[PDB]
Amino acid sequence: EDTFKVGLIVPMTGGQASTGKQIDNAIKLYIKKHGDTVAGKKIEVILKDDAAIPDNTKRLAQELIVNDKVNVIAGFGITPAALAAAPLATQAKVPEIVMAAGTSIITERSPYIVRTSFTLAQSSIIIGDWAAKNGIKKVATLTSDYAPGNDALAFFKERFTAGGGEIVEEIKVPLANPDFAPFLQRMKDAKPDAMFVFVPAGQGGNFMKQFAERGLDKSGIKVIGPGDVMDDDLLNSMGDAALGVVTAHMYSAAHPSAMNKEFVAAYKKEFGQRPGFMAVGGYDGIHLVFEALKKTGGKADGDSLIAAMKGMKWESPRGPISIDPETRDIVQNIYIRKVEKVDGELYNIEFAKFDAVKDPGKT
């Protein structure tokens, strides 16, 4: 009654555990910094681990909506999870806040979906344009074999080839327990100018370890991609082979804004780890819920909330962001970054900025 409930469904275990860990942490941090009360309502966050299995996502979303009567569902660590919950969000008129999954069509799959993460297309068009304009002629691609990987590939290829680039080979690896060894072996022999790599949050460290193990650090093959592979949650654990990797992405822990400085410091202080781009999707997702409730003066029905969320603009640790009133998707800067060592640690140092990029998958 004086309560507002958020059903948080994220992968706390399994291959995408680092996504849920980050989102759970960032929301805990937000509430620690802002309190748990808005417009007369006590916010409760109910955590459920789907292990990134969409059957679990669906079952958990149903339990949260029907049994716990949550007002919002949030999280959705992979695209299939967001899609699994979309029918229930629509049927129950419960906003579904996508804080992680990055496939362009997701927001079209329910009028109650709003997203605070990214789309792969937003970063992939930028790195495609950059690679072409920077004398990279021949690229091999390695992308996770599911929806966001296919978006990454399609949008990169479109812009890269438009700029005169050539894709010489396209390799896909499973979401679950990928083996990067065979791709990396082909690379040793085929030696393209660069490899374009999309793997989801949590996997870039494993990729870089096999990269280094095969001596690709000495091959003169550049590594480029959207920033998922250079996940800030993982950067601290990578070796010198990661130096010079160039990625486009919506968030870097090294973003030089006062708000990001405060966010990164607070997150490190509380959790003893650097936040990655999944943490900021969670941070902004919960901000969105708090601010929406503020705007509706405490009205908790889905329609009121969605109306309030559309067109909302604010400063995120990542930069200025907004919810497109037409698509309910995130509009945000996309930066190009190079991995450099600062004070003993690897960071994605931003060197280029494209302002307020709308999802190219819908434009």
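Heads up: residue numbers just count along the shown sequence, starting at 1.
Enquirer: Test of understanding: from the entry's C-alpha B-factors, which stretch has the higher mean, 160 to 168 or 193 to 201?
Expert: Per the PDB record, 160 to 168.
Enquirer: Check the entry's C-alpha temperature factors for 323 to 331 and 59 to 67, then say which stretch has the higher mean.
Expert: Taking the mean B-factor of the alpha carbons in each, 59 to 67 is higher.
Enquirer: Among the candidates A81, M187, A154, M250, give the one with the maximum CA B-factor reported in the record.
Expert: Going by the entry's C-alpha B-factors, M187 comes out highest.
Enquirer: Among the candidates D145, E291, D129, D232, give the one with the maximum CA B-factor reported in the record.
Expert: Result of the comparison over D145, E291, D129, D232: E291.
Enquirer: Taking only the Cα B-factors deposited for this chain, tell me whether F183 sits in the lowest, middle or highest third.
Expert: Highest third.
Enquirer: Relative to the other modelled residues in the chain, which third contains the C-alpha temperature factor of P54: lowest, middle or highest?
Expert: Middle third of the chain for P54's C-alpha B-factor.
Enquirer: Going by the entry, which third of its chain does the Cα temperature factor of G276 land in?
Expert: It belongs to the lowest third of the chain when residues are ordered by C-alpha B-factor.
Enquirer: Quick check on the deposited entry: does the C-alpha B-factor of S124 sit in the lowest, middle or highest third of its chain?
Expert: As the PDB entry reports it, the C-alpha B-factor of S124 lands in the lowest third of its chain.
Enquirer: Per the entry's values, where does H255 land by CA temperature factor relative to the rest of its chain, in the lowest, middle or highest third?
Expert: For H255, the deposited C-alpha B-factor lands in the lowest third.
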